[PDB]
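Structure file coords-v1.pdb with PDB, C-alpha atoms and all ligand atoms:
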```
ATOM      1  CA  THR A  13      82.969 124.686  82.925  1.00  0.00           C
ATOM      2  CA  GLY A  14      83.533 123.557  86.509  1.00  0.00           C
ATOM      3  CA  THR A  15      82.049 121.805  89.478  1.00  0.00           C
ATOM      4  CA  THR A  16      81.780 123.358  92.939  1.00  0.00           C
ATOM      5  CA  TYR A  17      82.206 121.182  96.039  1.00  0.00           C
ATOM      6  CA  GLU A  18      81.240 122.605  99.456  1.00  0.00           C
ATOM      7  CA  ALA A  19      83.861 122.334 102.197  1.00  0.00           C
ATOM      8  CA  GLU A  20      81.246 121.563 104.824  1.00  0.00           C
ATOM      9  CA  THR A  21      79.464 118.576 103.216  1.00  0.00           C
ATOM     10  CA  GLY A  22      80.965 115.625 101.132  1.00  0.00           C
ATOM     11  CA  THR A  23      84.083 115.894 103.244  1.00  0.00           C
ATOM     12  CA  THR A  24      85.879 114.319 106.164  1.00  0.00           C
ATOM     13  CA  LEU A  25      87.115 116.830 108.740  1.00  0.00           C
ATOM     14  CA  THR A  26      90.037 116.415 111.136  1.00  0.00           C
ATOM     15  CA  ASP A  27      90.265 118.918 113.989  1.00  0.00           C
ATOM     16  CA  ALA A  28      88.007 121.232 111.957  1.00  0.00           C
ATOM     17  CA  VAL A  29      84.364 122.169 112.345  1.00  0.00           C
ATOM     18  CA  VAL A  30      81.486 123.512 110.295  1.00  0.00           C
ATOM     19  CA  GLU A  31      80.385 127.023 111.192  1.00  0.00           C
ATOM     20  CA  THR A  32      78.123 129.798 110.080  1.00  0.00           C
ATOM     21  CA  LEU A  33      79.278 132.774 112.193  1.00  0.00           C
ATOM     22  CA  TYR A  34      80.560 134.987 109.337  1.00  0.00           C
ATOM     23  CA  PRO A  35      78.114 135.710 106.530  1.00  0.00           C
ATOM     24  CA  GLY A  36      78.668 135.276 102.814  1.00  0.00           C
ATOM     25  CA  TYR A  37      79.454 131.575 102.502  1.00  0.00           C
ATOM     26  CA  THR A  38      77.954 129.330  99.833  1.00  0.00           C
ATOM     27  CA  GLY A  39      75.924 126.276 100.866  1.00  0.00           C
ATOM     28  CA  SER A  40      75.174 125.591 104.494  1.00  0.00           C
ATOM     29  CA  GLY A  41      78.362 127.003 106.005  1.00  0.00           C
ATOM     30  CA  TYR A  42      82.136 126.917 105.892  1.00  0.00           C
ATOM     31  CA  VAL A  43      84.896 124.990 107.632  1.00  0.00           C
ATOM     32  CA  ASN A  44      86.990 126.436 110.410  1.00  0.00           C
ATOM     33  CA  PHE A  45      90.354 124.672 110.934  1.00  0.00           C
ATOM     34  CA  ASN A  46      91.021 124.452 114.654  1.00  0.00           C
ATOM     35  CA  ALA A  47      94.577 123.185 114.984  1.00  0.00           C
ATOM     36  CA  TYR A  48      97.693 124.990 113.910  1.00  0.00           C
ATOM     37  CA  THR A  49      99.009 121.682 112.512  1.00  0.00           C
ATOM     38  CA  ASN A  50      97.306 118.590 111.238  1.00  0.00           C
ATOM     39  CA  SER A  51      93.768 119.896 110.853  1.00  0.00           C
ATOM     40  CA  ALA A  52      92.358 118.785 107.526  1.00  0.00           C
ATOM     41  CA  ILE A  53      89.537 118.820 105.043  1.00  0.00           C
ATOM     42  CA  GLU A  54      89.325 115.853 102.681  1.00  0.00           C
ATOM     43  CA  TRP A  55      87.031 115.779  99.661  1.00  0.00           C
ATOM     44  CA  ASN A  56      86.527 112.121  98.713  1.00  0.00           C
ATOM     45  CA  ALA A  57      84.419 112.536  95.608  1.00  0.00           C
ATOM     46  CA  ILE A  58      85.912 114.962  93.098  1.00  0.00           C
ATOM     47  CA  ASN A  59      84.753 113.663  89.862  1.00  0.00           C
ATOM     48  CA  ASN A  60      86.563 114.641  86.648  1.00  0.00           C
ATOM     49  CA  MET A  61      85.810 113.928  82.957  1.00  0.00           C
ATOM     50  CA  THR A  62      89.454 113.673  81.931  1.00  0.00           C
ATOM     51  CA  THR A  63      92.975 113.181  83.260  1.00  0.00           C
ATOM     52  CA  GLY A  64      95.010 116.347  83.206  1.00  0.00           C
ATOM     53  CA  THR A  65      95.789 119.635  84.855  1.00  0.00           C
ATOM     54  CA  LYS A  66      92.914 121.114  86.838  1.00  0.00           C
ATOM     55  CA  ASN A  67      92.295 124.616  88.156  1.00  0.00           C
ATOM     56  CA  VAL A  68      91.227 124.228  91.783  1.00  0.00           C
ATOM     57  CA  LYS A  69      89.761 127.479  93.054  1.00  0.00           C
ATOM     58  CA  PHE A  70      89.347 127.846  96.807  1.00  0.00           C
ATOM     59  CA  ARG A  71      86.828 130.356  98.183  1.00  0.00           C
ATOM     60  CA  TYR A  72      88.062 131.331 101.644  1.00  0.00           C
ATOM     61  CA  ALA A  73      88.292 134.062 104.253  1.00  0.00           C
ATOM     62  CA  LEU A  74      91.331 135.081 106.262  1.00  0.00           C
ATOM     63  CA  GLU A  75      91.337 138.254 108.348  1.00  0.00           C
ATOM     64  CA  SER A  76      95.090 138.815 108.485  1.00  0.00           C
ATOM     65  CA  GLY A  77      98.368 137.124 107.741  1.00  0.00           C
ATOM     66  CA  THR A  78      99.292 134.249 105.470  1.00  0.00           C
ATOM     67  CA  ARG A  79      98.449 130.653 106.361  1.00  0.00           C
ATOM     68  CA  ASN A  80      99.991 127.673 104.608  1.00  0.00           C
ATOM     69  CA  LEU A  81      98.423 124.348 103.705  1.00  0.00           C
ATOM     70  CA  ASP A  82      99.804 121.061 102.421  1.00  0.00           C
ATOM     71  CA  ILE A  83      97.724 119.770  99.502  1.00  0.00           C
ATOM     72  CA  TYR A  84      97.300 116.069  98.697  1.00  0.00           C
ATOM     73  CA  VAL A  85      95.718 114.607  95.605  1.00  0.00           C
ATOM     74  CA  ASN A  86      94.723 110.915  95.678  1.00  0.00           C
ATOM     75  CA  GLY A  87      96.741 110.420  98.859  1.00  0.00           C
ATOM     76  CA  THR A  88     100.017 111.928  97.629  1.00  0.00           C
ATOM     77  CA  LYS A  89     101.333 115.322  98.736  1.00  0.00           C
ATOM     78  CA  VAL A  90     101.606 117.544  95.667  1.00  0.00           C
ATOM     79  CA  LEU A  91     101.984 121.026  97.188  1.00  0.00           C
ATOM     80  CA  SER A  92     103.912 121.791 100.330  1.00  0.00           C
ATOM     81  CA  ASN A  93     103.030 124.799 102.486  1.00  0.00           C
ATOM     82  CA  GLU A  94     100.939 126.464  99.807  1.00  0.00           C
ATOM     83  CA  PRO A  95     100.198 130.055 100.872  1.00  0.00           C
ATOM     84  CA  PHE A  96      96.740 131.498 101.410  1.00  0.00           C
ATOM     85  CA  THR A  97      97.056 135.254 101.738  1.00  0.00           C
ATOM     86  CA  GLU A  98      94.754 137.430 103.795  1.00  0.00           C
ATOM     87  CA  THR A  99      91.419 138.685 102.546  1.00  0.00           C
ATOM     88  CA  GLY A 100      91.192 141.450 105.226  1.00  0.00           C
ATOM     89  CA  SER A 101      88.098 140.229 107.036  1.00  0.00           C
ATOM     90  CA  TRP A 102      86.514 136.994 108.174  1.00  0.00           C
ATOM     91  CA  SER A 103      83.564 138.053 105.986  1.00  0.00           C
ATOM     92  CA  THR A 104      85.662 138.930 102.935  1.00  0.00           C
ATOM     93  CA  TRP A 105      85.611 135.800 100.790  1.00  0.00           C
ATOM     94  CA  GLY A 106      88.511 135.726  98.380  1.00  0.00           C
ATOM     95  CA  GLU A 107      89.696 133.201  95.848  1.00  0.00           C
ATOM     96  CA  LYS A 108      92.916 131.366  95.235  1.00  0.00           C
ATOM     97  CA  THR A 109      93.529 129.057  92.296  1.00  0.00           C
ATOM     98  CA  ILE A 110      96.095 126.304  92.103  1.00  0.00           C
ATOM     99  CA  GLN A 111      96.887 124.138  89.066  1.00  0.00           C
ATOM    100  CA  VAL A 112      97.283 120.438  89.992  1.00  0.00           C
ATOM    101  CA  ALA A 113      97.216 117.133  88.123  1.00  0.00           C
ATOM    102  CA  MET A 114      94.186 114.961  88.636  1.00  0.00           C
ATOM    103  CA  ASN A 115      92.775 111.808  87.036  1.00  0.00           C
ATOM    104  CA  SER A 116      89.562 111.197  85.251  1.00  0.00           C
ATOM    105  CA  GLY A 117      86.826 109.686  87.393  1.00  0.00           C
ATOM    106  CA  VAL A 118      86.631 109.986  91.178  1.00  0.00           C
ATOM    107  CA  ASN A 119      89.533 111.557  93.033  1.00  0.00           C
ATOM    108  CA  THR A 120      90.354 112.710  96.557  1.00  0.00           C
ATOM    109  CA  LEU A 121      91.899 116.032  97.584  1.00  0.00           C
ATOM    110  CA  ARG A 122      92.974 116.872 101.107  1.00  0.00           C
ATOM    111  CA  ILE A 123      94.249 120.143 102.563  1.00  0.00           C
ATOM    112  CA  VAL A 124      96.110 120.138 105.858  1.00  0.00           C
ATOM    113  CA  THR A 125      97.439 122.743 108.283  1.00  0.00           C
ATOM    114  CA  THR A 126     101.207 122.676 108.860  1.00  0.00           C
ATOM    115  CA  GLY A 127     101.927 125.186 111.635  1.00  0.00           C
ATOM    116  CA  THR A 128     100.055 128.378 110.756  1.00  0.00           C
ATOM    117  CA  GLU A 129      96.445 127.118 111.127  1.00  0.00           C
ATOM    118  CA  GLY A 130      94.171 127.707 108.123  1.00  0.00           C
ATOM    119  CA  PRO A 131      91.819 130.064 106.377  1.00  0.00           C
ATOM    120  CA  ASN A 132      88.115 129.579 106.898  1.00  0.00           C
ATOM    121  CA  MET A 133      87.182 127.461 103.856  1.00  0.00           C
ATOM    122  CA  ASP A 134      83.903 127.824 101.977  1.00  0.00           C
ATOM    123  CA  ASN A 135      84.171 125.646  98.881  1.00  0.00           C
ATOM    124  CA  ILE A 136      86.355 124.602  95.993  1.00  0.00           C
ATOM    125  CA  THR A 137      85.627 124.779  92.274  1.00  0.00           C
ATOM    126  CA  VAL A 138      87.425 122.344  89.975  1.00  0.00           C
ATOM    127  CA  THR A 139      87.755 123.097  86.270  1.00  0.00           C
ATOM    128  CA  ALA A 140      89.798 121.472  83.534  1.00  0.00           C
ATOM    129  CA  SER A 141      92.691 123.803  82.706  1.00  0.00           C
TER
HETATM  130 CA    CA B   1      90.568 128.590 112.621  1.00  0.00          CA
HETATM  131 CA    CA B   2      80.250 126.461 101.948  1.00  0.00          CA
END
```
Go ahead and express the file in the form of structure tokens.
Amino acid sequence: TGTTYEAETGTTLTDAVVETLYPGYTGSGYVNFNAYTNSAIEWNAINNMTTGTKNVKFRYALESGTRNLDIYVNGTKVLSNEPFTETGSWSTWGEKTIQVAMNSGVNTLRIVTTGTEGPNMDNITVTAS
């Protein structure tokens, strides 16, 4: 089974802030990206048992539209403009899972806005595929 990492703690934020306005988040809050481009959340301590493909499941809210994020693993961009589709409400928390390669031990994962801003981000769950 997996490990959940909160977006709001254990992370470095760039042009993004922790908030609690919309209910239903896990932990102490969620992250609101503020800039249409170059806002970011970086997890610096994702800790895996093995090297291989991981399921990374984002819990997020997005009232309308699709917003795209670049995704970096260990400093290298591995997904470009990955879509996050609407959930319908800022208090509807949906899920999106990507499959990405990661290493055993401690890894970093960063998600970055690229022109469409971002979903409000609650947490990620990482599971070996
Ligand atoms: Ca925002
Ligand atoms: Ca959270």
Check which residues satisfy the PyMOL selection byres (((not hetatm)) within 8 of (chain B and resi 2)) in the file shown, then give them as a ChimeraX atom specification. /A:18-20,37-43,133-135
Would you translate the PyMOL selection byres (((not hetatm)) within 12 of (chain B and resi 1)) into the concrete set of residues it matches in this file, as a ChimeraX atom specification? /A:27-31,42-49,51-52,72-76,79,102,125,127-133
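Picture a line from atom CA of residue A:94 to atom CA of residue A:81; it runs 5.1 Å.
Against this structure, the PyMOL selection byres (((chain A and resi 105) around 7) and not hetatm) ends up with residues 71, 72, 73, 99, 103, 104, 106 and 107 of chain A.
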Would you please work out which residue, of A:66, A:35, A:15, A:21, is nearest to residue A:101 when using all atoms listed in the file?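 With all atoms listed in the file as the atom set, the closest residue is A:35.
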Counting all atoms listed in the file, the option among A:23, A:53, A:139, A:123 closest to residue A:109: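 Using all atoms listed in the file, residue A:109 sits closest to A:139.
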Would you mind listing what lies within 10 Å of residue A:61 as a CSV table (one decimal) with C-alpha atoms, in the coordinates of the input, with all atoms listed in the file counted and same-chain residues fewer than 3 positions away left out?
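The result, stored in selection09.csv:
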```csv
chain,number,residue,atom,x,y,z
A,64,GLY,CA,95.0,116.3,83.2
A,115,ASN,CA,92.8,111.8,87.0
A,116,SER,CA,89.6,111.2,85.3
A,117,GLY,CA,86.8,109.7,87.4
A,118,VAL,CA,86.6,110.0,91.2
A,139,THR,CA,87.8,123.1,86.3
A,140,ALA,CA,89.8,121.5,83.5
```
Could you jot down the atom CA of residue A:69 to atom CA of residue A:16 separation for me, Å, one decimal place?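 Computed distance, atom CA of residue A:69 to atom CA of residue A:16, equals 9.0 Å.
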Would you work out the distance separating atom CA of residue A:138 from atom CA of residue A:98, expressed in Å to one decimal?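 Computed distance, atom CA of residue A:138 to atom CA of residue A:98, equals 21.7 Å.
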Residue A:65: which residues within 6 Å, counting only C-alpha atoms, same-chain residues fewer than 6 positions away excluded, as a PDB file with C-alpha atoms, keeping the file's coordinate frame?
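Saved the output as result_37.pdb:
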```
ATOM      1  CA  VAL A 112      97.283 120.438  89.992  1.00  0.00           C
ATOM      2  CA  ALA A 113      97.216 117.133  88.123  1.00  0.00           C
ATOM      3  CA  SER A 141      92.691 123.803  82.706  1.00  0.00           C
TER       4      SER A 141
END
```
From A:126, A:24, A:86, A:119, residue lying nearest residue A:62 [all atoms listed in the file]: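 So, comparing all the options, the nearest one is A:119.
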Using the structure block above, produce a file of stretch 121-140 of chain A that contains N, CA, C and O atoms, as a PDB file, in the first residue's frame.
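Written file, decode-v8.pdb:
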```pdb
ATOM      1  N   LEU A 121       9.628  15.536  -5.986  1.00  0.00           N
ATOM      2  CA  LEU A 121       8.632  15.660  -7.055  1.00  0.00           C
ATOM      3  C   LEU A 121       8.097  17.065  -6.986  1.00  0.00           C
ATOM      4  O   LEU A 121       7.646  17.509  -5.919  1.00  0.00           O
ATOM      5  N   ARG A 122       8.143  17.768  -8.122  1.00  0.00           N
ATOM      6  CA  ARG A 122       7.661  19.131  -8.187  1.00  0.00           C
ATOM      7  C   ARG A 122       6.597  19.232  -9.280  1.00  0.00           C
ATOM      8  O   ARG A 122       6.655  18.570 -10.331  1.00  0.00           O
ATOM      9  N   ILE A 123       5.584  20.027  -8.994  1.00  0.00           N
ATOM     10  CA  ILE A 123       4.529  20.339  -9.967  1.00  0.00           C
ATOM     11  C   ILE A 123       4.439  21.851 -10.135  1.00  0.00           C
ATOM     12  O   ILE A 123       4.508  22.581  -9.149  1.00  0.00           O
ATOM     13  N   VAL A 124       4.312  22.285 -11.384  1.00  0.00           N
ATOM     14  CA  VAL A 124       4.539  23.684 -11.736  1.00  0.00           C
ATOM     15  C   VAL A 124       3.476  24.140 -12.707  1.00  0.00           C
ATOM     16  O   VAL A 124       3.199  23.470 -13.700  1.00  0.00           O
ATOM     17  N   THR A 125       2.923  25.336 -12.489  1.00  0.00           N
ATOM     18  CA  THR A 125       1.980  25.916 -13.439  1.00  0.00           C
ATOM     19  C   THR A 125       2.729  26.426 -14.683  1.00  0.00           C
ATOM     20  O   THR A 125       3.914  26.733 -14.615  1.00  0.00           O
ATOM     21  N   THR A 126       2.014  26.437 -15.807  1.00  0.00           N
ATOM     22  CA  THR A 126       2.619  26.627 -17.129  1.00  0.00           C
ATOM     23  C   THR A 126       1.818  27.568 -17.998  1.00  0.00           C
ATOM     24  O   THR A 126       2.075  27.660 -19.201  1.00  0.00           O
ATOM     25  N   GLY A 127       0.818  28.235 -17.451  1.00  0.00           N
ATOM     26  CA  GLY A 127       0.019  29.195 -18.209  1.00  0.00           C
ATOM     27  C   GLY A 127      -1.450  29.150 -17.929  1.00  0.00           C
ATOM     28  O   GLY A 127      -2.172  30.078 -18.295  1.00  0.00           O
ATOM     29  N   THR A 128      -1.941  28.112 -17.247  1.00  0.00           N
ATOM     30  CA  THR A 128      -3.345  27.976 -16.921  1.00  0.00           C
ATOM     31  C   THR A 128      -3.600  27.940 -15.401  1.00  0.00           C
ATOM     32  O   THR A 128      -4.692  27.617 -14.962  1.00  0.00           O
ATOM     33  N   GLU A 129      -2.622  28.356 -14.612  1.00  0.00           N
ATOM     34  CA  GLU A 129      -2.743  28.330 -13.143  1.00  0.00           C
ATOM     35  C   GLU A 129      -2.871  26.855 -12.714  1.00  0.00           C
ATOM     36  O   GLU A 129      -2.426  25.953 -13.436  1.00  0.00           O
ATOM     37  N   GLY A 130      -3.390  26.597 -11.527  1.00  0.00           N
ATOM     38  CA  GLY A 130      -3.423  25.209 -11.059  1.00  0.00           C
ATOM     39  C   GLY A 130      -4.651  24.882 -10.281  1.00  0.00           C
ATOM     40  O   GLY A 130      -5.337  25.755  -9.778  1.00  0.00           O
ATOM     41  N   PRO A 131      -4.924  23.591 -10.095  1.00  0.00           N
ATOM     42  CA  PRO A 131      -5.968  23.183  -9.174  1.00  0.00           C
ATOM     43  C   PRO A 131      -5.559  23.465  -7.737  1.00  0.00           C
ATOM     44  O   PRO A 131      -4.373  23.547  -7.447  1.00  0.00           O
ATOM     45  N   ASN A 132      -6.508  23.585  -6.826  1.00  0.00           N
ATOM     46  CA  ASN A 132      -6.155  23.616  -5.431  1.00  0.00           C
ATOM     47  C   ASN A 132      -5.724  22.198  -5.033  1.00  0.00           C
ATOM     48  O   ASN A 132      -6.423  21.224  -5.355  1.00  0.00           O
ATOM     49  N   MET A 133      -4.593  22.039  -4.364  1.00  0.00           N
ATOM     50  CA  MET A 133      -3.951  20.740  -4.214  1.00  0.00           C
ATOM     51  C   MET A 133      -3.943  20.321  -2.771  1.00  0.00           C
ATOM     52  O   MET A 133      -3.390  21.022  -1.910  1.00  0.00           O
ATOM     53  N   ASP A 134      -4.555  19.182  -2.472  1.00  0.00           N
ATOM     54  CA  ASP A 134      -4.680  18.724  -1.081  1.00  0.00           C
ATOM     55  C   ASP A 134      -3.528  17.856  -0.637  1.00  0.00           C
ATOM     56  O   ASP A 134      -2.958  18.086   0.435  1.00  0.00           O
ATOM     57  N   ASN A 135      -3.207  16.857  -1.423  1.00  0.00           N
ATOM     58  CA  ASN A 135      -2.212  15.842  -1.037  1.00  0.00           C
ATOM     59  C   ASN A 135      -1.872  15.020  -2.251  1.00  0.00           C
ATOM     60  O   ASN A 135      -2.551  15.138  -3.298  1.00  0.00           O
ATOM     61  N   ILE A 136      -0.827  14.220  -2.139  1.00  0.00           N
ATOM     62  CA  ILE A 136      -0.558  13.134  -3.070  1.00  0.00           C
ATOM     63  C   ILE A 136      -0.429  11.834  -2.319  1.00  0.00           C
ATOM     64  O   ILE A 136      -0.068  11.802  -1.116  1.00  0.00           O
ATOM     65  N   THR A 137      -0.767  10.748  -2.984  1.00  0.00           N
ATOM     66  CA  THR A 137      -0.510   9.391  -2.454  1.00  0.00           C
ATOM     67  C   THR A 137       0.360   8.692  -3.446  1.00  0.00           C
ATOM     68  O   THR A 137       0.061   8.697  -4.653  1.00  0.00           O
ATOM     69  N   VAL A 138       1.426   8.061  -2.993  1.00  0.00           N
ATOM     70  CA  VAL A 138       2.392   7.377  -3.859  1.00  0.00           C
ATOM     71  C   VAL A 138       2.336   5.906  -3.515  1.00  0.00           C
ATOM     72  O   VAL A 138       2.459   5.530  -2.337  1.00  0.00           O
ATOM     73  N   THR A 139       2.211   5.079  -4.532  1.00  0.00           N
ATOM     74  CA  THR A 139       2.049   3.635  -4.383  1.00  0.00           C
ATOM     75  C   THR A 139       2.921   2.990  -5.456  1.00  0.00           C
ATOM     76  O   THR A 139       3.088   3.515  -6.555  1.00  0.00           O
ATOM     77  N   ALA A 140       3.527   1.851  -5.162  1.00  0.00           N
ATOM     78  CA  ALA A 140       4.236   1.124  -6.176  1.00  0.00           C
ATOM     79  C   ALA A 140       3.235   0.525  -7.130  1.00  0.00           C
ATOM     80  O   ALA A 140       2.220  -0.005  -6.692  1.00  0.00           O
TER      81      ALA A 140
END
```
